[PDB]
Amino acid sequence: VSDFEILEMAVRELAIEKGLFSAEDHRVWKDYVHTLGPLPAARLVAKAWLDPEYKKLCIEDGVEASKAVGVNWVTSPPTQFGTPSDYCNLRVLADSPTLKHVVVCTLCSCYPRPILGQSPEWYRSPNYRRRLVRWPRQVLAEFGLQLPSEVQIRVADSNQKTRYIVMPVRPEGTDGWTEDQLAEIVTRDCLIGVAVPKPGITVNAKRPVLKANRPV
């Protein structure tokens, strides 16, 4: 076992011994995290593409809009007051023919976990956090995304209590598609903003995967 595993066990046992939180609390939180994923966010985008009134709601009040996909930022988490770290102020950023958003937390790794799941390893990297706000077009190009020079690329830095998800513009080639079909192409990367939805692409672009010493 590693020094990290030894310390994790020590901290957890001490916290429980001192009654700070219980063994059941810890299991309750892990179970909650296990229920998280990018699907609710993708469904919100698909619904917005199919309902103009809902799209307006998404843009003006992300917290209220989130309820439509079953994620109540206040009552869904075990706390019943939103997760301690993600808070309760989701904002949905709507791309348009003249505007394209991409998100980062330069101070750390702030991410809309309740509606999107856990953050990618690269999103947490000092590298992404240093570069995206200053050279967004270059970083996006590395990710394989380029937009016209006149289009406004907006980088959103999640530094306070607001968390964001990007609502990309609906791509060509999806006429008559159902909500399920549309949601399927809105990947995690599209919701962060480093990729845009494309018919036929239903998973994040393949990238090197660094293996853990002891994963689940």
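All residue numbers refer to positions in the sequence shown, first residue = 1.
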Avg C-alpha B-factor, entry values, 167-175 vs 40-48, higher side is 167-175
Segment of higher mean CA temperature factor, 201-209 or 5-13: 201-209
Looking at 85, 79, 109, 98, which has the biggest Cα B factor in the entry? 98
Give the position of residue 180 by CA B-factor within its chain, expressed as the lowest, middle or highest third. highest
On the chain's distribution of Cα B-factors, residue 154 falls within the third called lowest
Which third of the chain holds residue 33 when residues are ordered by C-alpha B factor: lowest, middle or highest? highest
Tell me, lowest, middle or highest third: where does the Cα B factor of residue 67 rank within its chain? middle
Within-chain third of residue 61 by Cα B-factor, per the entry: middle
